[PDB]
Amino acid sequence: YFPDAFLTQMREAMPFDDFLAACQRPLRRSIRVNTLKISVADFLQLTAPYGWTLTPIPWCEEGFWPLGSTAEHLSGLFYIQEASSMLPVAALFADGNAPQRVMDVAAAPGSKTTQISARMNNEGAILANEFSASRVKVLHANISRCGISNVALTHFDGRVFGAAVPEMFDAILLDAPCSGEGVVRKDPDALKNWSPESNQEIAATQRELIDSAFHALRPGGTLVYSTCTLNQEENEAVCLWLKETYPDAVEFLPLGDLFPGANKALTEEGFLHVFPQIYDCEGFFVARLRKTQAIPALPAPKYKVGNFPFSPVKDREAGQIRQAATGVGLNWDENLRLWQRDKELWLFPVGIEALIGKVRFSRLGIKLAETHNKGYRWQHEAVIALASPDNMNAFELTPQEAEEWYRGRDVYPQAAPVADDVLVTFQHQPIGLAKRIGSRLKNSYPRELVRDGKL
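In this text, residue positions in the sequence shown follow our numbering: the first is 274, and each later residue adds one.
Right, here's the structure in full:
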């Protein structure tokens, strides 16, 4: 369903029928491989038995066309995400762009965040901001599932960043809340409350969003602006505005070589204005800019953000934890350093350090452990992230035994390893960390996730 005003002005902005057609047909199931865990080729090899046809996505070598309840999804080897969300992320790293400190402004539900992480090879650091509180917990679950460690979370109104955190990021991805015209294929009533007035104010929001972003972008950095909507007010008009506001500071960086076929969607400015029927998918806009120059300062550091509840772990102790963890299969890069709050023990990415005190964080990095007596309760989240499977104390489950784990039940091996603490893999992926207890392997899969159904 489509309002008259909207169609009879999509008619006057087409460079059409095919579009009405593609508009009205449902989206293709779409999947993205997580190379933090498995290579593409390996993935293809591994899921060949399931007999799916998979069309390659042109702007994402890692992208392809009951999903959530498949082993591979549970061990975090792929993300269920739409091809259009892949595009902004691809732009962000186009032409060997290799940013080390990145913000995702509207990060839930995690689709893009996870993808950026994988592309940075889990190095550097990311600030994933999400405005809605409820969506934050979704974001976090999704991050923890993919074993991402370079992410910190905030809960802010996006507009704040420009003033709060000046030339902080070397890349930003601003996927702006829009009028969702491109999303009628996922939701046949999506727009229904659509109106040109309602759009003028949405565009007003998108202005101050992108200004905030630009402000928080270090000189030299790239910013990618994307929406799910197809009109010019919210897209080209918003980018063009930014350039008018900072004429000597903003450079559009054409996206035409982004992939083969990109030309089909290329705007005179170098944006990709992807109509749904062009590549058979969602309706989407992608714009990439670079800040070429420092721009004037804002006041506006009003929010004095008070004590940070964690302290960096001292060297004597940090060493002993590193060795205690290694002894159980967990390992970290030089990208990560150990902090502490209570019995709690966290790893933060050094990339994020510089932000401490300029923003209140919802969460940072990963909880490695909680101290208990002389010991440690290793967190599931850290096992997914830091566990090396190719080990001599790994233990591979049978499919039968794997299903049991995910239904949150104890497992009884014929083998029956020697370790009192056993790193449990399936398809040779870290799946959880279990205690021995004689012959039994106790289930330590967090209950908030114990699968209810079929597998």
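Built from N, CA and C at the ideal position, the CB exists for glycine as well.
- Between the CA atoms of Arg633 and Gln282 - distance to the nearest angstrom: 43 Å
- Would you identify the three-state DSSP class for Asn536, choosing helix, strand or coil? Helix.
- Query: How do the region 367–374 and the region 397–405 stand: do at least 3 beta-carbon pairs fall below 8 Å, yes or no?
  - Reply: Yes, since at least three Cβ pairs between the region 367–374 and the region 397–405 fall closer than 8 Å, the two stretches touch.
- Message: Rounded to the nearest angstrom, what separates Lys410 and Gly534 at their Cα positions?
- Response: Going from the Cα of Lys410 to the Cα of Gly534 covers about 37 Å.
- Query: Skipping 5 residues on each side, what residues in its chain have a beta carbon closer than 6 Å to that of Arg636?
  - Reply: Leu426
- Message: Quick check on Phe581: buried or exposed, where buried means 16 or more other Cβ atoms within 10 Å of its Cβ?
- Response: exposed
- State the DSSP-derived secondary structure class of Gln388, mapped to helix, strand or coil. helix
- Task: Quick one: which unbroken alpha helix (DSSP H) runs of 4-plus residues sit fully inside the region 664–693? Chain order, please.
- Result: 672–679
- Item | Spatial distance of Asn423 from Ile710 (CA atoms) | Put simply, the backbone Cα of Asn423 is about 34 Å away from that of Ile710.
- Task: Give the range of the beta strand (DSSP E) segment to which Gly435 is assigned.
- Result: Where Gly435 is concerned, there is no enclosing beta strand (DSSP E), although the alpha helix (DSSP H) it sits in stretches over 434–437.
- Task: May I have a chain-ordered list of the alpha helix (DSSP H) segments no shorter than 4 residues that lie completely inside the region 487–522?
- Result: Segments of the alpha helix (DSSP H) lying fully in the region 487–522: 509–518.
- Determine the contact status of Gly453 and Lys564, defining contact as a CB-CB distance below 8 Å. no
- Task: On a CA-only basis, which of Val623, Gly705, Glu507, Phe366 is nearest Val601? Give me that one, please.
- Result: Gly705
- Query: Which word fits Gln479, buried or exposed, when buried means at least 16 other C-beta atoms lie within 10 angstroms of its C-beta?
  - Reply: Buried: at least 16 other Cβ atoms inside 10 Å.
- Locate the beta strand (DSSP E) running through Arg561, then write down its first and last residues. 557–564
- Message: Taking CB distances under 8 Å as the criterion, tell me whether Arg682 reaches chain D.
- Response: Structure shown: chain D not included; a single protein chain is present.
- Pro492: which of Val547, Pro686, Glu440, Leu515 sits nearest, CA to CA? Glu440
- Message: Buried or exposed for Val547, going by 16 or more other Cβ atoms inside 10 Å?
- Response: buried
- Looking at the structure shown, is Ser485 part of a helix, part of a strand, or coil, going by DSSP? helix
- From what residue to what residue does the beta strand (DSSP E) around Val313 run? That residue, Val313, is in no beta strand (DSSP E); its alpha helix (DSSP H) goes 313–320.
- Would you report the Cα separation of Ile625 and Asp588, rounded to the nearest angstrom? Within the model, the alpha-carbon separation for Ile625 versus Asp588 is close to 20 Å.
- Message: To the nearest angstrom, how far is the alpha carbon of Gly336 from that of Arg392?
- Response: 13 Å
- Query: What first and last residue would you give for the beta strand (DSSP E) that runs through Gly592?
  - Reply: Here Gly592 belongs to no beta strand (DSSP E); instead the alpha helix (DSSP H) covers 588–599.
- Item | DSSP bridge partner residues for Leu447 (one or two, in chain order) | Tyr498
- Message: Let me confirm a value: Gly556 is counted as buried when at least 16 other C-beta atoms fall within 10 Å, else exposed. Which label applies?
- Response: Classification of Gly556: buried, given that the 10 Å Cβ count is 16 or more.
- Message: My output table needs one value for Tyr718: the three-state DSSP class, helix, strand or coil.
- Response: Correct three-state label for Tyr718: coil.
- Those runs of the beta strand (DSSP E) which lie wholly inside the region 276–317 and span at least 3 residues: 304–306
- Since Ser485 contacts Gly435 with CB under 8 Å, what's their CB separation in whole angstroms? 4 Å
- Query: If you run the structure through DSSP and keep just helix, strand and coil, what is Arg408?
  - Reply: helix
- Task: Provide the residue(s) that pair with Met441 in DSSP beta bridges, ordered along the chain.
- Result: According to DSSP, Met441 shares a beta bridge with no other residue.
- Item | Spatial distance of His346 from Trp338 (CA atoms) | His346 and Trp338: Cα-Cα distance of roughly 15 Å.
- Task: Per DSSP, which residues does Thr328 bridge with? Please list them.
- Result: None; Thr328 has no bridge partner.
- Message: DSSP three-state label for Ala707, please.
- Response: strand
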